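Here is the structure we will look at, set down as structure tokens.
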Amino acid sequence: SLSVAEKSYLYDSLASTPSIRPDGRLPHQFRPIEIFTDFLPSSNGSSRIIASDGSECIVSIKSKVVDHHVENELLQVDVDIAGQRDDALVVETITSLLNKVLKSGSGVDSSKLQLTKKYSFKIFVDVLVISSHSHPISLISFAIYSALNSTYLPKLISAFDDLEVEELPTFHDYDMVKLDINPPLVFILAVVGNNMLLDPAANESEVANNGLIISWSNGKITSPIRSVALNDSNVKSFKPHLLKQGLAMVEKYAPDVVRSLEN
Amino acid sequence: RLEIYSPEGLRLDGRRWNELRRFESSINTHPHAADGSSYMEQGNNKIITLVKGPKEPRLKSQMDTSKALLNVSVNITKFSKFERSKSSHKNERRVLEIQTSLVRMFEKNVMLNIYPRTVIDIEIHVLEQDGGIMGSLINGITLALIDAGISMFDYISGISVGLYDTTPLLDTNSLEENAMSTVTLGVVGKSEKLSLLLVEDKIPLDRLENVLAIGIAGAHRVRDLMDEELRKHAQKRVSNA
Amino acid sequence: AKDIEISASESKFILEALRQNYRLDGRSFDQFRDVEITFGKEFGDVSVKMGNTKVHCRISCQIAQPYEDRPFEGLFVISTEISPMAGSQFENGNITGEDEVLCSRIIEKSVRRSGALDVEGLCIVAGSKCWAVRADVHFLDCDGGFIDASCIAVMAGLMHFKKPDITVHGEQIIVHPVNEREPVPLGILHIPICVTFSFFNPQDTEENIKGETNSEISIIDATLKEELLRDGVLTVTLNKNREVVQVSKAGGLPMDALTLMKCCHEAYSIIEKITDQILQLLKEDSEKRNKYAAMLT
Amino acid sequence: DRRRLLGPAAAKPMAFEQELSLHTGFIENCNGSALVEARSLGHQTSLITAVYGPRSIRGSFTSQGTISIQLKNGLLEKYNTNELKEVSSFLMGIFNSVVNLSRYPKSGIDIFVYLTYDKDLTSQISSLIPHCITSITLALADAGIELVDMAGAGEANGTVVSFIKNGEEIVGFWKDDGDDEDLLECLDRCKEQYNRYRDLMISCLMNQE
Amino acid sequence: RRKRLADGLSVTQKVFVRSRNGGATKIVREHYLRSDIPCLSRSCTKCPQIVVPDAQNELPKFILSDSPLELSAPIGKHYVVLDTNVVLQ
Amino acid sequence: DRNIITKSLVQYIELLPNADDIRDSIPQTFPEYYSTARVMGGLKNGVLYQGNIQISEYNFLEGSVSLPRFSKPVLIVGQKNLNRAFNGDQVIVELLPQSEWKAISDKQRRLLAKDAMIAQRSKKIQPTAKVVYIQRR
């Protein structure tokens, strides 16, 4: 909650040439984060992200063996946000977007989940947001990206061709195989006048004119793209040249973010 | 068909009949999200507790002019066991029973009458679960409440005891809880008075006092560990600041 | 309003009478109320009276399908919904409140989880057809102790019920009319009975927590006036084989463990007498029905 | 279900360019309504929308109005809850930019859309978005709610774009699947559809007085 | 990675995969390591100083003989430790 | 199998003073049995069947196995069709083609099982089987 004078001051600062952010960041600069992985021994993979303003997210990865003819989608995401109802609009919108970005053909290599000519692994992604102060789409995306690159799966040791004669799948009791799937990343941008901002803060979201959601995968922009309202009292229309600017910005500065999440 | 208690006096994980599991706790883990917080590890259990308040009530209906209102919320995740849960546990009768039991336990211990016209909220997240979860919940709530600087009379400690034929076993895990009946206790301070007593399966009438005594001694040891951790944290906090 | 108001004079008077070993209705601290049980015309229709508390129960069954996970068992469910008939302090639809949830859980653990009913005898065809049994409890008038009255009523109704005889004819089944082939009863493995205790503090909280003496007070089967002023409550379920079916003390006033064991030992003498009374009443009802049927020949 | 008659538990379900027409104000117990009906070679759609408000709202004082949008199936249940709610959120984002919400303190506006008819005469929910926008605009104008401009939309190869100010501004952008390098063509095609829809909407408002 | 807890008592982790009828599940267990396991030999004089009673308060008994069977040179006075296949067959 | 004084069972026995009294107690083309995974897969799909086997002393080249899905026992005929099996063993059987009944895919074997079920009632041709796995001995 901000007053009229605060909002006017902040908007005058942000919508200037050059733009002035309240903490002095550059238009493309991110804030520091802390990453932990592999701290839930009962899961195939896990991660925890802590933001500088107190935001925190926890991700768990679990698997199951299914018949990949009856089963159509091998990736499923479930989202829980503390303080919100299970049928809240924002929760279901985020769930839908995250299931769309990890669909079968999106840049996610689902051929690595196949065991035997009949069966496959199905991956369950569980997300729990402990504390948040703005739209937590990119934080959840970063946590999912971190957790999926440190996941291990059971190793099959019982035949591969079972079209004619089928045997129950059987797995080695100690060894596991690292999953080398290619996960995407999701970015959120803010529109303040004629400027574009990367990784906006809570107070910057209260004065923004509009927002954009852009997906990224292995060097290219990916299909799920949306316009989103970050507030309800200042949302307005924008000219078409700001969309191209945002796409170019994501294309230019995405590779640096990838190197920050390595290991 | 397994050797729950071997003729040599050893359990399946290598413990003896009167030994606790590994006990680790942390205080002030979420400074930016709550007034008081704690992180509890008891064996393979992992619990996060947050305490918010005392603060202004959300609605004018939930206001009391003589004392504060206390609320407890418990969230059990779908990935807390080996097998993923099919549906949510938010509105089950078991969870509501747990929340009511915790509220009624801690109503008598917290001095709610010195915070009129306020509300205190407790939110709990269970990440991993390996038996004896109620005692862990009690211990986490106690630690988080003390970390928030809220007045109370004494500690409350939780413990679980299983009865295997004629042998009492202290601080059981998931394997033992699926093969015998268990008792859960809540003990106040260093006395013999019980705040909670919970028996859910059959137990012979002439075998309950011994179980109660064993559990009381175990809870005293648990209280000692919690007090030592709290004193160490306070010493570190005051030494430099 | 929906709030029951108690003045300071009434609270002081009742507590001071408890200090002098007095109860308003003239019972002693360890005396249980008298129980009256009446059977209706149909099987499974029972009325239970405990002083001023009145409870009614009904048992019924029908054909259903077994669960996929458990294809060798039938279905059993218990419903206890309260209405403003028993008192204007009760809401019509309220199954989430604290006391209702606690009562439902205690009854479920005492009856259905303990395996007092043989659900494997409810299976007709393994994996496809079974019996589904219901117990409906109606609360008519509240003077305290719904849990004990409900437990007694449910057990008596289950022991009074009879279901129609059936036969398997190839793929389908035939349900015979009652006037043809003599309906059959259910199998009962044990008879659990609940007892409730109430605790009062005649001192302050400091004496209860840091004091050396243990001067707390315990009474059995409190009335409505008594249970509105209590500090704690305990429920214990037992059977005649000296088994503790369940124990529930969910917070409240802290109590010394020896006193709790003494309460558990006092409950057994009551449950024995209650079990004998129920068995005798059932036997007398059966004899009356047989005599009338013989006289109607 | 204690409130519905759903029948026996063991039963199983049986297993086996565009020309428009616009009309407003035909529902008696609401404030505004519209009927949109579009036909082409290989598709046919009918829609009904209704507006309730401004009305009283529960809670504390608010200085500006609040908008709620509800989408419902019709005849055939062809969509599930999650996608309908996502489309509702997108529409609410669009219409928070065109309604003069500062004019309606401590009040609410509720909008209902019924998906009556949709038949294939010869990626499926995206092509339905423009007609929803047209219907909501018409119903809001019929009910007498203040709008800064007339909002329309167009669809081209899985991309939906909504325009105001004669196609010089964007109030909504949606993109699923499709080609990654096709952005200018989609914008041109969507704007071309938007201009025709805007002409038809203005004619409908001006004629049916 | 093991941790020393209180009295020379350490704990580790035990992870394996269970194969049911078509399913794969990983199991995590905790594993405690002690330092009071007696050799149970009647000739020993330092193990009887580390034993503790059981739940029924009974001390362990020492069984193995102090003068076992003597073979020829160069072994003499031996004990026998068995193997899985020898026991099974 | 293959410091520490390591000796095999034979080597250790010869060191004993009474080796000659206990040395005789030392522990001493049929088709191969199917693998456990193969047997379990066949059992789950309904291809393979399990039951007791009874063999009489008058004829050692024939046996009978009772199966829940069949009204009458299935015959097993042959010195090779009967694997190395004793009386009262728990075995796993597999049906034989109609061209071998007494006077390579799961769907075909289900069809064969249906044929055997429909031929048991009246047709005077007895379906035959063979042993591919020993469950208990």
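In the structure tokens, chains take the letters A, B, ... in the order shown, each chain's residues start at 1, and ligands count up from 1 in the order shown.
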
Pick out the residues sitting within 10 Å of residue 226 in chain B, and hand them over as a compact mmCIF listing (two decimals) with C-alpha atoms, in the first residue's frame; count only C-alpha atoms, and ignore anything fewer than 6 positions along from it in its own chain.
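Once everything was written out, this is selection.txt:
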```txt
# COMPACT_ATOMS: atom_id res chain seq x y z
CA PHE B 23 17.56 -34.10 17.69
CA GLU B 24 18.50 -30.85 15.95
CA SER B 25 16.70 -27.51 16.13
CA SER B 26 17.26 -23.97 14.89
CA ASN B 139 8.29 -29.16 20.27
CA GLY B 140 8.38 -26.88 17.23
CA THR B 142 7.15 -24.40 21.89
CA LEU B 143 10.43 -23.27 20.34
CA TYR B 155 7.94 -25.73 28.44
CA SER B 157 7.63 -31.48 25.39
```

Determine, using only C-alpha atoms, which residues of chain B have any atom at most 6 Å from an atom of chain E, and tabulate each with its shortest atom pair and distance in Å to one decimal place, rows ordered by chain and then rising number, as a tab-separated table.
```
residue	atom	partner	partner_atom	distance
B:9	CA	E:54	CA	5.6
B:13	CA	E:31	CA	5.2
B:14	CA	E:32	CA	5.1
```

Take the selection from the previous step and output its residues with N, CA, C and O atoms, as a short mmCIF file (atom, residue, chain, number, x, y, z; two decimals), in the first residue's frame.
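Wrote it out as part25.cif, contents follow:
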```
data_model
loop_
_atom_site.label_atom_id
_atom_site.label_comp_id
_atom_site.auth_asym_id
_atom_site.auth_seq_id
_atom_site.Cartn_x
_atom_site.Cartn_y
_atom_site.Cartn_z
N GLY B 9 19.24 -57.13 22.11
CA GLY B 9 18.82 -55.82 22.57
C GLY B 9 18.99 -54.69 21.58
O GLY B 9 19.26 -53.56 21.98
N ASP B 13 17.22 -50.07 13.33
CA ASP B 13 18.15 -49.03 12.94
C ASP B 13 19.40 -48.98 13.80
O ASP B 13 20.27 -48.13 13.58
N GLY B 14 19.53 -49.88 14.78
CA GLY B 14 20.71 -49.95 15.62
C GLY B 14 20.59 -49.31 16.98
O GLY B 14 21.58 -49.32 17.73
#
```

Taking a cut-off of 7 Å and counting only C-alpha atoms, can you build a table that, for each residue of chain A near chain F, reports the nearest atom pair and how far apart they are in Å (one decimal), sorted by chain then residue number, as CSV?
```
residue,atom,partner,partner_atom,distance
A:164,CA,F:105,CA,4.8
A:165,CA,F:105,CA,6.0
A:166,CA,F:41,CA,5.8
A:167,CA,F:41,CA,4.0
A:168,CA,F:41,CA,4.9
```

- Message: With only C-alpha atoms considered, list every residue of chain B at most 10 Å from chain C, as number ranges by chain.
- Response: B: 91-94, 96-109, 153-154, 183, 185-206, 208-209, 212-213, 216

Residue set, range 48-231 of chain B restricted to alpha helix (DSSP H), as an mmCIF file with N, CA and C atoms, in the first residue's frame:
```
data_model
loop_
_atom_site.group_PDB
_atom_site.id
_atom_site.type_symbol
_atom_site.label_atom_id
_atom_site.label_comp_id
_atom_site.auth_asym_id
_atom_site.auth_seq_id
_atom_site.Cartn_x
_atom_site.Cartn_y
_atom_site.Cartn_z
ATOM 1 N N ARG B 93 -10.818 -34.318 8.501
ATOM 2 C CA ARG B 93 -11.204 -34.261 9.907
ATOM 3 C C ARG B 93 -10.020 -34.529 10.829
ATOM 4 N N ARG B 94 -9.062 -35.340 10.379
ATOM 5 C CA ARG B 94 -7.870 -35.620 11.175
ATOM 6 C C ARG B 94 -7.042 -34.357 11.409
ATOM 7 N N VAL B 95 -6.872 -33.539 10.369
ATOM 8 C CA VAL B 95 -6.095 -32.310 10.497
ATOM 9 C C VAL B 95 -6.806 -31.310 11.402
ATOM 10 N N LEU B 96 -8.129 -31.198 11.270
ATOM 11 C CA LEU B 96 -8.892 -30.312 12.144
ATOM 12 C C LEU B 96 -8.791 -30.758 13.596
ATOM 13 N N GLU B 97 -8.825 -32.072 13.831
ATOM 14 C CA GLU B 97 -8.642 -32.592 15.181
ATOM 15 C C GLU B 97 -7.268 -32.230 15.733
ATOM 16 N N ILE B 98 -6.224 -32.366 14.911
ATOM 17 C CA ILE B 98 -4.872 -32.013 15.347
ATOM 18 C C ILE B 98 -4.796 -30.534 15.719
ATOM 19 N N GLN B 99 -5.369 -29.671 14.875
ATOM 20 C CA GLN B 99 -5.329 -28.234 15.135
ATOM 21 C C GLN B 99 -6.068 -27.877 16.420
ATOM 22 N N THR B 100 -7.249 -28.467 16.629
ATOM 23 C CA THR B 100 -8.005 -28.203 17.849
ATOM 24 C C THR B 100 -7.242 -28.670 19.083
ATOM 25 N N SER B 101 -6.611 -29.845 19.003
ATOM 26 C CA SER B 101 -5.838 -30.347 20.133
ATOM 27 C C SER B 101 -4.683 -29.414 20.475
ATOM 28 N N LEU B 102 -3.966 -28.924 19.460
ATOM 29 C CA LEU B 102 -2.851 -28.016 19.724
ATOM 30 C C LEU B 102 -3.327 -26.702 20.338
ATOM 31 N N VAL B 103 -4.425 -26.143 19.818
ATOM 32 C CA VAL B 103 -4.945 -24.891 20.364
ATOM 33 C C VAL B 103 -5.336 -25.071 21.825
ATOM 34 N N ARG B 104 -6.046 -26.161 22.134
ATOM 35 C CA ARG B 104 -6.480 -26.378 23.511
ATOM 36 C C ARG B 104 -5.308 -26.680 24.435
ATOM 37 N N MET B 105 -4.248 -27.310 23.921
ATOM 38 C CA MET B 105 -3.039 -27.484 24.719
ATOM 39 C C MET B 105 -2.442 -26.141 25.104
ATOM 40 N N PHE B 106 -2.229 -25.272 24.122
ATOM 41 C CA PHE B 106 -1.456 -24.064 24.378
ATOM 42 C C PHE B 106 -2.295 -22.892 24.880
ATOM 43 N N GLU B 107 -3.619 -23.041 24.978
ATOM 44 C CA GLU B 107 -4.429 -21.995 25.600
ATOM 45 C C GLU B 107 -4.102 -21.835 27.081
ATOM 46 N N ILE B 133 4.971 -37.675 14.598
ATOM 47 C CA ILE B 133 4.913 -36.305 14.097
ATOM 48 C C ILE B 133 4.251 -35.352 15.098
ATOM 49 N N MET B 134 3.358 -35.855 15.956
ATOM 50 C CA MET B 134 2.655 -34.991 16.903
ATOM 51 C C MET B 134 3.603 -34.397 17.945
ATOM 52 N N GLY B 135 4.513 -35.211 18.483
ATOM 53 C CA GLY B 135 5.487 -34.691 19.428
ATOM 54 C C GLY B 135 6.411 -33.663 18.805
ATOM 55 N N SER B 136 6.813 -33.895 17.554
ATOM 56 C CA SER B 136 7.630 -32.921 16.841
ATOM 57 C C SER B 136 6.879 -31.612 16.647
ATOM 58 N N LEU B 137 5.581 -31.692 16.339
ATOM 59 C CA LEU B 137 4.774 -30.482 16.223
ATOM 60 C C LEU B 137 4.746 -29.713 17.538
ATOM 61 N N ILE B 138 4.575 -30.426 18.653
ATOM 62 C CA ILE B 138 4.544 -29.772 19.961
ATOM 63 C C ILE B 138 5.866 -29.059 20.237
ATOM 64 N N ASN B 139 6.985 -29.750 19.995
ATOM 65 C CA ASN B 139 8.295 -29.161 20.270
ATOM 66 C C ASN B 139 8.557 -27.938 19.394
ATOM 67 N N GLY B 140 8.197 -28.019 18.110
ATOM 68 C CA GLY B 140 8.376 -26.878 17.229
ATOM 69 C C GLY B 140 7.547 -25.677 17.639
ATOM 70 N N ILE B 141 6.296 -25.911 18.048
ATOM 71 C CA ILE B 141 5.456 -24.806 18.504
ATOM 72 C C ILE B 141 6.056 -24.154 19.742
ATOM 73 N N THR B 142 6.543 -24.962 20.687
ATOM 74 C CA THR B 142 7.147 -24.401 21.895
ATOM 75 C C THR B 142 8.349 -23.525 21.553
ATOM 76 N N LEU B 143 9.238 -24.030 20.691
ATOM 77 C CA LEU B 143 10.432 -23.265 20.339
ATOM 78 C C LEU B 143 10.077 -21.965 19.623
ATOM 79 N N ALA B 144 9.135 -22.019 18.677
ATOM 80 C CA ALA B 144 8.768 -20.814 17.940
ATOM 81 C C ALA B 144 8.079 -19.791 18.838
ATOM 82 N N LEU B 145 7.243 -20.247 19.777
ATOM 83 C CA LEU B 145 6.590 -19.313 20.690
ATOM 84 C C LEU B 145 7.598 -18.631 21.604
ATOM 85 N N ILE B 146 8.589 -19.375 22.101
ATOM 86 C CA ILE B 146 9.599 -18.741 22.945
ATOM 87 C C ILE B 146 10.450 -17.771 22.131
ATOM 88 N N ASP B 147 10.738 -18.106 20.869
ATOM 89 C CA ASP B 147 11.531 -17.211 20.028
ATOM 90 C C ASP B 147 10.827 -15.886 19.746
ATOM 91 N N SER B 174 8.632 -44.987 11.510
ATOM 92 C CA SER B 174 7.521 -45.445 10.677
ATOM 93 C C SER B 174 7.414 -46.965 10.648
ATOM 94 N N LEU B 175 8.549 -47.663 10.595
ATOM 95 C CA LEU B 175 8.516 -49.122 10.573
ATOM 96 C C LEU B 175 7.905 -49.684 11.850
ATOM 97 N N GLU B 176 8.272 -49.124 13.003
ATOM 98 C CA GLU B 176 7.736 -49.617 14.267
ATOM 99 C C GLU B 176 6.280 -49.207 14.455
ATOM 100 N N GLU B 177 5.906 -48.017 13.980
ATOM 101 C CA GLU B 177 4.536 -47.546 14.147
ATOM 102 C C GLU B 177 3.536 -48.356 13.334
ATOM 103 N N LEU B 208 -0.111 -49.847 31.165
ATOM 104 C CA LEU B 208 -0.065 -48.453 30.739
ATOM 105 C C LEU B 208 0.807 -47.567 31.624
ATOM 106 N N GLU B 209 0.895 -47.853 32.928
ATOM 107 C CA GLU B 209 1.694 -47.018 33.824
ATOM 108 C C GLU B 209 3.176 -47.051 33.466
ATOM 109 N N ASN B 210 3.699 -48.233 33.136
ATOM 110 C CA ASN B 210 5.107 -48.344 32.772
ATOM 111 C C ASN B 210 5.416 -47.520 31.528
ATOM 112 N N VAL B 211 4.539 -47.596 30.524
ATOM 113 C CA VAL B 211 4.696 -46.793 29.316
ATOM 114 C C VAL B 211 4.677 -45.310 29.658
ATOM 115 N N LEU B 212 3.762 -44.903 30.543
ATOM 116 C CA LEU B 212 3.681 -43.498 30.928
ATOM 117 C C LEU B 212 4.971 -43.024 31.589
ATOM 118 N N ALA B 213 5.537 -43.837 32.484
ATOM 119 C CA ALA B 213 6.771 -43.446 33.163
ATOM 120 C C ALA B 213 7.937 -43.321 32.183
ATOM 121 N N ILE B 214 8.063 -44.282 31.263
ATOM 122 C CA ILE B 214 9.135 -44.222 30.269
ATOM 123 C C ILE B 214 9.001 -42.960 29.422
ATOM 124 N N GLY B 215 7.775 -42.661 28.983
ATOM 125 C CA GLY B 215 7.557 -41.465 28.188
ATOM 126 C C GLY B 215 7.866 -40.188 28.943
ATOM 127 N N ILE B 216 7.541 -40.152 30.236
ATOM 128 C CA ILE B 216 7.806 -38.959 31.036
ATOM 129 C C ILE B 216 9.308 -38.706 31.148
ATOM 130 N N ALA B 217 10.092 -39.762 31.390
ATOM 131 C CA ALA B 217 11.544 -39.586 31.442
ATOM 132 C C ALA B 217 12.103 -39.107 30.098
ATOM 133 N N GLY B 218 11.631 -39.702 28.997
ATOM 134 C CA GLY B 218 12.078 -39.253 27.686
ATOM 135 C C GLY B 218 11.759 -37.793 27.419
ATOM 136 N N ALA B 219 10.562 -37.354 27.816
ATOM 137 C CA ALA B 219 10.184 -35.960 27.618
ATOM 138 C C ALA B 219 11.038 -35.017 28.457
ATOM 139 N N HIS B 220 11.436 -35.439 29.660
ATOM 140 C CA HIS B 220 12.355 -34.615 30.443
ATOM 141 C C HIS B 220 13.685 -34.428 29.717
ATOM 142 N N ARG B 221 14.207 -35.500 29.116
ATOM 143 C CA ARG B 221 15.446 -35.359 28.345
ATOM 144 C C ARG B 221 15.264 -34.425 27.144
ATOM 145 N N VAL B 222 14.116 -34.519 26.470
ATOM 146 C CA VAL B 222 13.833 -33.634 25.339
ATOM 147 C C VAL B 222 13.806 -32.172 25.786
ATOM 148 N N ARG B 223 13.180 -31.903 26.934
ATOM 149 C CA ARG B 223 13.156 -30.546 27.471
ATOM 150 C C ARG B 223 14.564 -30.041 27.756
ATOM 151 N N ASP B 224 15.425 -30.908 28.294
ATOM 152 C CA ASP B 224 16.811 -30.508 28.530
ATOM 153 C C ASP B 224 17.502 -30.095 27.234
ATOM 154 N N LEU B 225 17.318 -30.878 26.166
ATOM 155 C CA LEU B 225 17.950 -30.534 24.891
ATOM 156 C C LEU B 225 17.450 -29.193 24.356
ATOM 157 N N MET B 226 16.135 -28.964 24.418
ATOM 158 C CA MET B 226 15.590 -27.695 23.938
ATOM 159 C C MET B 226 16.130 -26.516 24.742
ATOM 160 N N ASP B 227 16.205 -26.663 26.067
ATOM 161 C CA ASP B 227 16.717 -25.582 26.903
ATOM 162 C C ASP B 227 18.178 -25.282 26.590
ATOM 163 N N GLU B 228 18.985 -26.325 26.381
ATOM 164 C CA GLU B 228 20.388 -26.109 26.042
ATOM 165 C C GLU B 228 20.528 -25.345 24.731
ATOM 166 N N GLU B 229 19.749 -25.728 23.714
ATOM 167 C CA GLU B 229 19.827 -25.024 22.436
ATOM 168 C C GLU B 229 19.423 -23.560 22.581
ATOM 169 N N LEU B 230 18.344 -23.297 23.325
ATOM 170 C CA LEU B 230 17.887 -21.923 23.503
ATOM 171 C C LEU B 230 18.931 -21.075 24.221
ATOM 172 N N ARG B 231 19.542 -21.621 25.277
ATOM 173 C CA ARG B 231 20.562 -20.869 26.003
ATOM 174 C C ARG B 231 21.770 -20.581 25.124
#
```

Contacts between chain C and chain D, please, where a residue of chain D counts if it comes within 12 Å (with only C-alpha atoms); show its shortest atom pair and distance in Å to one decimal, rows by chain and ascending number, as CSV.
```
residue,atom,partner,partner_atom,distance
D:8,CA,C:64,CA,10.8
D:9,CA,C:64,CA,9.2
D:10,CA,C:65,CA,8.4
```

Grab the residues selected above and save them as a PDB file, in the first residue's frame with N, CA, C and O atoms.
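again_1.pdb was written with the following content:
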```
ATOM      1  N   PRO D   8     -28.455 -42.809 -10.232  1.00  0.00           N
ATOM      2  CA  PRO D   8     -27.764 -43.938  -9.595  1.00  0.00           C
ATOM      3  C   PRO D   8     -26.251 -43.806  -9.675  1.00  0.00           C
ATOM      4  O   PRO D   8     -25.699 -43.247 -10.625  1.00  0.00           O
ATOM      5  N   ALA D   9     -25.578 -44.343  -8.655  1.00  0.00           N
ATOM      6  CA  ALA D   9     -24.129 -44.204  -8.559  1.00  0.00           C
ATOM      7  C   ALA D   9     -23.394 -45.113  -9.536  1.00  0.00           C
ATOM      8  O   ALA D   9     -22.274 -44.795  -9.949  1.00  0.00           O
ATOM      9  N   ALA D  10     -23.997 -46.236  -9.917  1.00  0.00           N
ATOM     10  CA  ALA D  10     -23.332 -47.235 -10.743  1.00  0.00           C
ATOM     11  C   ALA D  10     -23.507 -47.006 -12.239  1.00  0.00           C
ATOM     12  O   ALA D  10     -22.975 -47.789 -13.032  1.00  0.00           O
TER      13      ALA D  10
END
```

Please measure the separation of CA of residue 83 in chain A and CA of residue 45 in chain A, giving the value in Å to one decimal.
->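 Here the two named atoms are 25.7 Å from each other.
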
Please identify which residues in chain F DSSP calls strand (DSSP E) from the backbone, and express them as a list in words. residues 49, 50, 51, 52, 53, 54, 62, 63, 64, 65, 74, 75, 76, 77, 90, 91, 92, 93, 94, 95, 129, 130, 131, 132, 133, 134, 135 and 136 of chain F

Would you pick out the contacts of range 7-22 of chain A at 10 Å or less, using only C-alpha atoms, so that residues sharing its chain but fewer than 2 positions from it are not included, and give the list as a CSV table (one decimal) with C-alpha atoms, in the first residue's frame?
```csv
chain,number,residue,atom,x,y,z
A,1,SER,CA,0.0,0.0,0.0
A,2,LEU,CA,1.3,3.4,-1.1
A,3,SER,CA,0.0,6.9,-1.0
A,4,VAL,CA,-0.6,9.2,-4.0
A,5,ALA,CA,2.5,11.3,-3.4
A,24,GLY,CA,19.9,2.3,-8.4
A,25,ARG,CA,19.9,-0.8,-10.5
A,26,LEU,CA,20.4,-0.9,-14.3
A,27,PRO,CA,17.4,-1.7,-16.5
A,191,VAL,CA,6.2,-1.3,-18.6
A,192,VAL,CA,6.6,2.2,-17.1
A,193,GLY,CA,5.9,4.8,-19.7
A,194,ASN,CA,8.4,4.2,-22.6
A,195,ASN,CA,10.9,2.1,-20.6
A,196,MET,CA,11.2,-1.7,-20.1
A,197,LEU,CA,12.4,-3.2,-16.9
A,200,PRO,CA,10.8,-5.6,-11.1
A,201,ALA,CA,10.5,-5.0,-7.3
A,203,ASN,CA,7.1,-1.0,-5.3
A,204,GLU,CA,7.9,-0.8,-9.0
A,206,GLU,CA,2.5,-0.7,-8.0
A,207,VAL,CA,3.1,2.0,-10.6
A,208,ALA,CA,3.7,0.0,-13.8
A,209,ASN,CA,1.4,0.6,-16.8
```

Q) Contacts of residue 44 in chain B at 8 Å or less, counting only C-alpha atoms, minus same-chain residues fewer than 5 places along, as JSON, numbers by chain? A) {"B": [128, 129, 130], "E": [30]}

Nearest to chain D, restricted to only C-alpha atoms and choosing among A:87, A:256, A:161, A:173, comes out as A:87

request  = Output as a ChimeraX atom specification the set of chain F residues within 8 Å of chain E, with distances taken over only C-alpha atoms.
outcome  = /F:9,15-16,27

Writer output for current selection, C-alpha atoms, as a tab-separated table (two decimals), in the first residue's frame:
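Full text of part27.tsv as output:
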```tsv
chain	number	residue	atom	x	y	z
F	9	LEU	CA	34.82	-76.40	3.01
F	15	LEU	CA	42.16	-80.88	8.82
F	16	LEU	CA	39.79	-82.42	11.37
F	27	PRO	CA	27.10	-81.20	-0.31
```

I'd like the contact shell of range 214-225 of chain A - 7 Å cut-off, only C-alpha atoms, skipping same-chain residues fewer than 6 positions apart - returned as number ranges by chain. A: 101, 107, 184-188; D: 174-177, 180

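Distance check against chain A using only C-alpha atoms: of D:140, D:6, D:20, D:183, the minimum falls on D:183.
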
Which residue, B:123, B:63, B:77, B:117, has the smallest gap to residue 49 in chain B when you use only C-alpha atoms?
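Closest candidate: B:123.
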